[PDB]
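S.K.: Quick note, the sequence shown lines up with residues 34 to 113, 161 to 586, 596 to 610, 618 to 797, 820 to 1107, 1108A, 1109 to 1173 if you use the deposited numbering. C-beta atoms are modelled at their ideal positions from N, C-alpha and C, and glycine is treated no differently.
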Amino acid sequence: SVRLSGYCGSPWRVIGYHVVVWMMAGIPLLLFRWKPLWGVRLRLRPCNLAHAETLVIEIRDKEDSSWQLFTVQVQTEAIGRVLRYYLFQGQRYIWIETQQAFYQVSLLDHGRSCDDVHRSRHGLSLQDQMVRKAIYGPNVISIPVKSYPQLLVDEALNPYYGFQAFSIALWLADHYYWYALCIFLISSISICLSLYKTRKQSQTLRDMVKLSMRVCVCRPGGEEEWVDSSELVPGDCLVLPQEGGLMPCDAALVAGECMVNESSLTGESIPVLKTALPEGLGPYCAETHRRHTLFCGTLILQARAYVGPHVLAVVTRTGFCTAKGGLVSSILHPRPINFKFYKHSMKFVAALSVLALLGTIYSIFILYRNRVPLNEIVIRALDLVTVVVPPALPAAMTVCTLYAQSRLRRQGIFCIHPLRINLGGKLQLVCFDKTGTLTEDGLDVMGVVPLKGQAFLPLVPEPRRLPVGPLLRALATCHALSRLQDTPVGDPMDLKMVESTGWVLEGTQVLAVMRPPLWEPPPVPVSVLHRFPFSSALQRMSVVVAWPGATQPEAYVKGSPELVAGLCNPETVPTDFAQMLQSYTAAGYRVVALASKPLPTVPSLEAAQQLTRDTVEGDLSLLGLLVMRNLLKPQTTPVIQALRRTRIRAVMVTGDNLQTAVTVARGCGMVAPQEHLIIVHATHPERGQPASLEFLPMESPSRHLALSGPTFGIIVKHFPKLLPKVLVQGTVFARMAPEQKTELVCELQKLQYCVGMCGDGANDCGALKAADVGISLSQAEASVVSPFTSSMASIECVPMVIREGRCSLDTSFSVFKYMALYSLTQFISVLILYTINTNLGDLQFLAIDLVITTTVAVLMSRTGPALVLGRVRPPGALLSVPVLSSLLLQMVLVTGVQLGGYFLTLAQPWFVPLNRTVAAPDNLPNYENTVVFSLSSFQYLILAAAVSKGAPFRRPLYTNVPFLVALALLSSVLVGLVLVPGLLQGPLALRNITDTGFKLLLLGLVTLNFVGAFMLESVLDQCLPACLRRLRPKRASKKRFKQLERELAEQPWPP
Ligand SMILES: *[C@@H]1O[C@H](CO)[C@@H](O[C@@H]2O[C@H](CO)[C@@H](O)[C@H](O)[C@H]2NC(C)=O)[C@H](O)[C@H]1NC(C)=O
Ligand code: BEF
Ligand SMILES: [Mg+2]
């Protein structure tokens, strides 16, 4: 369905439109452009696809008419005859000239036969390499880093900077130099900050998504160790490192076995066994099989070759085509951030432009009736447009976020993109990773069972509360420990077990001498007669152990429960061993087994110690079992309950097993004991029968759902109507692929849920960018992509960023309300003066613009977040009855007092009118200017104090002493100005008033409007929402998640 079109034109015609916009640089274009789509469509000069140096791709969703617009450069390269390559949306769409056909990177994706992959065990020197490299492109992730000119162009293409620049020109023209310099300086430094941040962001990501590992190849001639880095071709075969080898390219393993750490994919420290592709004739690609594939970014811990000379793999995916490349494409090209407040602030500024344009018509007529010069009419009419749309408005709202950023830093949460703190305020749902976020990134021994009798014994809770005997020794001598500088090294679970015991690790074959903690209530510090390894097939290690007791030594063994019991004799094995095994596995806890065979072998003799491995691992007694598991964290259980009390929904998005995810979720408090969990599983589609959504009730001592990654896939692909019902009710998503996690967050925010994500890192990076609020608990990798970063490795950050966000959103509303009110009060005063051939003089505008507004705007933004989180959430709607009625009624009182002041001044018998002939600036002192200025001066001070509500989301206003001190000092200067004959009246060009009565009446009008303003906010706060409930009590939200919740409450989904 993509709309792909070719392009060419006359060079003079392209230069002509370059004269129209490229000379302009676009900044006038958008100043004259609502949106570029109309311009974009045919700005470019069209042709056939071949002629096209740039190809317009307009991708349509047929169902929703989602006609997204793109324009993409044509790559021309010679293999030996030029082939046409198009780098669309990152990925390579390859055009064959002969068939006039666009083809994707899935060139051979179909017909990747299991046997065919097996056949390609050797790759040709040049004749395959060069052509394959040309067709598929190079094996590296090449993110282009944008130049400061290109960045400056697109940042400066924002319309508000263009309005600020126009504003700067009119200020410069009308001699308003001081304030203009402040506006210019604030603008310029914000642009510099923005460009630096955007470059730095790209620079670290480009650095981070790069790997320079010198590697071998399997060309039949060419097998040179470290032959190349990025030169790998998708078809090529490779030899692996024997130990500790990071995988550069996604490749199927042709022969040998491997043990690999899939940290990138599963978020697991444990290894995964990898086996050779099993020989088959069908279209048996490694992708679908998913056991015979080494995915890119993963570490090979151990490589082993037995059936051939060395381990062998064939490449499958390279560069942007690999899954890691999919994640890089996911973090790039990001979905635009859509918020109600942000659009509504722009819409309110649009309404101000209409009101300003209407204002200019009144200004132009009244100035012509006033009979001013032609030049004056253009300057003063445009000046009024700059008053109605306040040019410092963006800078004001930044001050709110700038304070919160600093507060968060002191608590230890580090924040790039300060504006995103506000998004925190509106979070309804927060997603959480399990391993490293909510569950401690490590396995700890829950306990061991003794097996004193033939039947199993009750479990021992604490290994530190040790009983001396064969179990004590079995823990001591069952170890795979290496040597570092007074430090243990090897399998972390085995390393943990040696610490659990309290033992210390320091004959001709004796290694790693084993000692007690040296506390006494017979400690018998033990030695190892022989040691036999943990082979992947074996699933077990047998360690023969000699005590200093003058007794013949016995073999003590550790392994998997199945294998250990299978090798153990059935008389020794318990009857319910399998049932206990089943209980711990199904419960999700790890099951490991300890067993022993007495050895007729002589002490200290190498010959006697040496045996056949299977001879040593022959017929054994079951010594007992060991159980280890993740322990949640200290702070996890508290926070999740507080999130539940707040009614901010909690979702577990993990890469682990479903059964494990359930038990952590139950312990965590994602699902309460009274609450009911339903397992939802759906099979793959068949020609014979459709894919069946099998819903299973899960019994246990707000009914919600549990998914697997495959099941989630089957719901999105084969049940699109039901997916909404699953997303609004699902609480635990298990075995989720790194891409699938981002698609969950994308589909959640499609339903009009605001979405946050908490992440350990490297599996969740895609989501951390994709989510509205992304908090990385790692200092590594995730930090680069994540909007926010924490140092505490805890869910504890989420409460703090919620609280700060709620406060900052409330502060941002108040600062907007004030700046809008400030705009309109100056518009009311300047209109009333303009009719009389007067205007608020220069340095009277400056005082208002700098010392009153910038002080109160930057001191009302200081208020800290409220101590307790509450069920009620801040409003999102800047275009709402509550805000608009507040602005309207406050402005009616503002207008009323100012007009009341004027007509009162006119009435008094000492009153004298002005010249009304010479210009508004030339009449420097006048009673009308003095009374308008004096009354207006206080109203800016008053409004700032009233609009700040404080308590439910922020600290109490009476706590914020500097704002009250600043208000008091500014109140003292303004009351001083009117009451005293002014030393400062000379600078501001005011007229001192003899009549104390009239001065006290003018204070009378001010003190009235203070009480009026402070009351009316309280009246609307306590009445207007209640009065709305009377008008409509059943106003259901357009938010789709709310509608689906209402629907589910009426008709419940499969009960
Ligand atoms: C407003 O100011 C103007 C300018 O000072 C006044 O007009 C001047 O009046 C004096 C007489 O004292 C003449 O010498 C000037 O020639 C006049 N100038 C102009 C430009 O006409 C005007 O009288 C003042 N308005 C009022 C009501 O007194
Ligand atoms: F490592 Be997490 F549980 F996806
Ligand atoms: Mg994890």
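Is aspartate 715 near ligand 2, with its Cβ less than 7 Å from a heavy atom?
M.R.: Answer for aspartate 715: no, Cβ out of range of ligand 2.
S.K.: In terms of residue numbering, what span does the alpha helix (DSSP H) encompassing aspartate 715 cover?
M.R.: No alpha helix (DSSP H) contains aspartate 715, which DSSP labels as neither H nor E.
S.K.: What is the DSSP secondary structure of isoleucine 215, reduced to helix, strand or coil?
M.R.: DSSP places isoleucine 215 in helix when its eight states are reduced to three.
S.K.: What does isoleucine 92 pair with, by DSSP beta-bridge criteria?
M.R.: Looking at the DSSP assignment, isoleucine 92 forms a beta bridge with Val35, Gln101.
S.K.: Going by DSSP, what residue range makes up the beta strand (DSSP E) through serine 692?
M.R.: Residues 686–694.
S.K.: Would you say the beta carbon of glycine 874 comes nearer than 7 Å to a heavy atom of ligand 2?
M.R.: Not so, every heavy atom of ligand 2 lies at least 7 Å from the Cβ.
S.K.: Determine the contact status of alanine 601 and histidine 559, defining contact as a CB-CB distance below 8 Å.
M.R.: Cβ distance < 8 Å, so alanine 601 and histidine 559 count as in contact.
S.K.: Between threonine 515 and ligand 3, is there a pair consisting of the residue's CB and a ligand heavy atom that are separated by less than 7 Å?
M.R.: Checking the Cβ of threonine 515 against ligand 3 gives yes.
S.K.: Could you tell me whether any non-hydrogen atom of ligand 1 is closer than 7 Å to the CB of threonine 929?
M.R.: Not under cutoff, so the answer is no.
S.K.: Tell me the rounded alpha-carbon separation between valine 698 and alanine 704.
M.R.: Distance between the alpha carbons of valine 698 and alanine 704: 6 Å.
S.K.: Taking its Cβ as the centre, do 16 or more other Cβ atoms sit within 10 Å of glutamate 922, making it buried, or is it exposed?
M.R.: Counting Cβ neighbours within 10 Å, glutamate 922 comes out buried, since at least 16 surround it.
S.K.: Cβ of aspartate 195 versus every heavy atom of ligand 2: is any distance shorter than 7 Å?
M.R.: Checking every heavy atom of ligand 2 against the Cβ of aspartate 195, none is found closer than 7 Å.
S.K.: Tell me which same chain residues have a C-beta within less than 8 Å of the C-beta of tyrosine 259, skipping the five on either side of it?
M.R.: Result list for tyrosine 259: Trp251, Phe963, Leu964, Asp967, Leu968, in chain order.
S.K.: If you draw a straight line from the C-alpha of residue 616 to the C-alpha of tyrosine 241, how long is it?
M.R.: Because the chain is numbered from 610 directly to 618, the model contains no atoms for residue 616.
S.K.: Report the three-state DSSP secondary structure of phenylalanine 673 (helix, strand or coil).
M.R.: In the structure shown, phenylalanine 673 sits in a helix (DSSP, three-state: H, G or I).
S.K.: Could you please give me the residues that DSSP links to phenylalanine 791 through a beta bridge?
M.R.: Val776, per the DSSP bridge assignment.
S.K.: Checking 8 Å against the spacing of the C-beta atoms, do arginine 76 and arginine 46 come in under that value?
M.R.: Result no, Cβ atoms of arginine 76 and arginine 46 do not sit closer than 8 Å.
S.K.: Could you tell me which uninterrupted alpha helix (DSSP H) segments, each at least 4 residues in length, are contained entirely in the segment 622–687, listed from first to last along the chain?
M.R.: Fully enclosed alpha helix (DSSP H) runs of 4 or longer: 657–663, 673–683.
S.K.: Should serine 580 be labelled buried (16 or more other beta-carbon atoms within 10 Å of its own) or exposed?
M.R.: Per the 10 Å Cβ criterion, buried.
S.K.: Per DSSP, what kind of secondary structure is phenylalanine 512 in: helix, strand or coil?
M.R.: Here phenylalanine 512 sits in strand by DSSP.
S.K.: Could you tell me the boundaries of the beta strand (DSSP E) in which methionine 748 lies?
M.R.: Unbroken beta strand (DSSP E) run through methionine 748: 745–749.
S.K.: Does DSSP put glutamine 944 in a helix, a strand or coil?
M.R.: Helix.
S.K.: Helix, strand or coil for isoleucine 380, going by three-state DSSP, please let me know.
M.R.: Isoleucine 380: strand per DSSP, three-state reduction.
S.K.: Just to confirm, does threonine 750 get its C-beta within under 7 Å of one of the non-hydrogen atoms of ligand 5?
M.R.: This structure lacks ligand 5; the ligands present are ligand 1, ligand 2 and ligand 3.
S.K.: Let me make sure I understand the geometry here. Which of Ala1131, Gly1094, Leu1106, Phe1132 has the alpha-carbon closest to that of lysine 1117?
M.R.: Minimum Cα distance to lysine 1117 is reached at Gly1094.
S.K.: State the Cα-Cα distance for the pair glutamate 311 and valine 569, rounded to the nearest angstrom.
M.R.: One C-alpha to the other measures close to 35 Å.
S.K.: Name the DSSP bridge partner or partners of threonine 109?
M.R.: Bridge partners of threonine 109: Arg164.
S.K.: In the DSSP assignment, find the beta strand (DSSP E) that holds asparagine 1033 and state where it starts and stops.
M.R.: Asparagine 1033 -> no beta strand (DSSP E), and no H or E assigned at all.
S.K.: Please output, in chain order, the residues near ligand 1 using a CB cut-off of less than 6 Å to any non-hydrogen atom of the ligand.
M.R.: Selection output, chain order preserved: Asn1033, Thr1035, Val1036.
S.K.: May I ask you to check if the CB of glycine 347 is nearer than 7 Å to at least one heavy atom of ligand 2?
M.R.: Checking the Cβ of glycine 347 against ligand 2 gives yes.
S.K.: Nearest to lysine 1156 by alpha carbon, out of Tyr871, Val429, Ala249?
M.R.: That would be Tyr871, whose Cα lies nearest to the Cα of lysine 1156.
S.K.: Given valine 599, which residues of its chain have a CB within under 6 Å of its CB, disregarding the five upstream and five downstream residues?
M.R.: Hits under 6 Å: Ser623.
S.K.: Could you tell me the distance, in whole angstroms, from the CA atom of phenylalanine 1021 to the CA atom of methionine 57?
M.R.: Distance between the alpha carbons of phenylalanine 1021 and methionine 57 is about 50 Å.
S.K.: Keeping to the same chain, check which residues put their C-beta closer than 8 Å to that of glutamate 110; ignore five residues upstream and five downstream.
M.R.: Contacts found: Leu163, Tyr165, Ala214.
S.K.: What does the alpha-carbon distance come out to for the pair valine 1096 and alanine 1086?
M.R.: Distance between the alpha carbons of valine 1096 and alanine 1086 is about 15 Å.
S.K.: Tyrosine 652 and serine 692: beta carbons closer than 8 Å?
M.R.: In this structure, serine 692 lies closer than 8 Å to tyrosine 652 by Cβ.
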